[PDB]
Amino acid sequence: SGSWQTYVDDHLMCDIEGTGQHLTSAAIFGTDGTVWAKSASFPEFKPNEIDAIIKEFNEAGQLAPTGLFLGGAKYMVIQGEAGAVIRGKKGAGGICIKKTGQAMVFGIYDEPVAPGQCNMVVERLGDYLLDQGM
């Protein structure tokens, strides 16, 4: 593929396991905070929000006093994997973020999608990118 957008469209925003369900939105960022690609549905994120997530991957536990904010919306942090995966919840929806060597893979989900389905989708792409040296 010649576009980071294809990764979003064909690995993050596609029909999950043929259930007809999809992530709400998704994105791929560089570790500097540059947007490589995002779905049109992805929220109007702010640079401090992305920087907070970059910080959390470098040292887990830093989001805790405030929450995970994205597009001004507050997610409560839920169990992740230090340095590798950050997860948050907001009602029946949530967010999952997987770190690679050079990028961060974001997925946002809502009812009826389950938290573990978001994790599957995001983590599988991230692991692919890691196997490709990214």
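Start at 1 and count along the sequence shown; that's the residue number.
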{"query": "Greater mean Cα temperature factor according to the PDB record, 62-70 or 35-43", "finding": "62-70"}
{"query": "Between 21-29 and 7-15 (mean CA B-factor, as deposited), the higher", "finding": "7-15"}
{"query": "Third of chain Cα B-factors occupied by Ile54", "finding": "middle"}
{"query": "Record-listed C-alpha B factor of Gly80: chain third", "finding": "middle"}
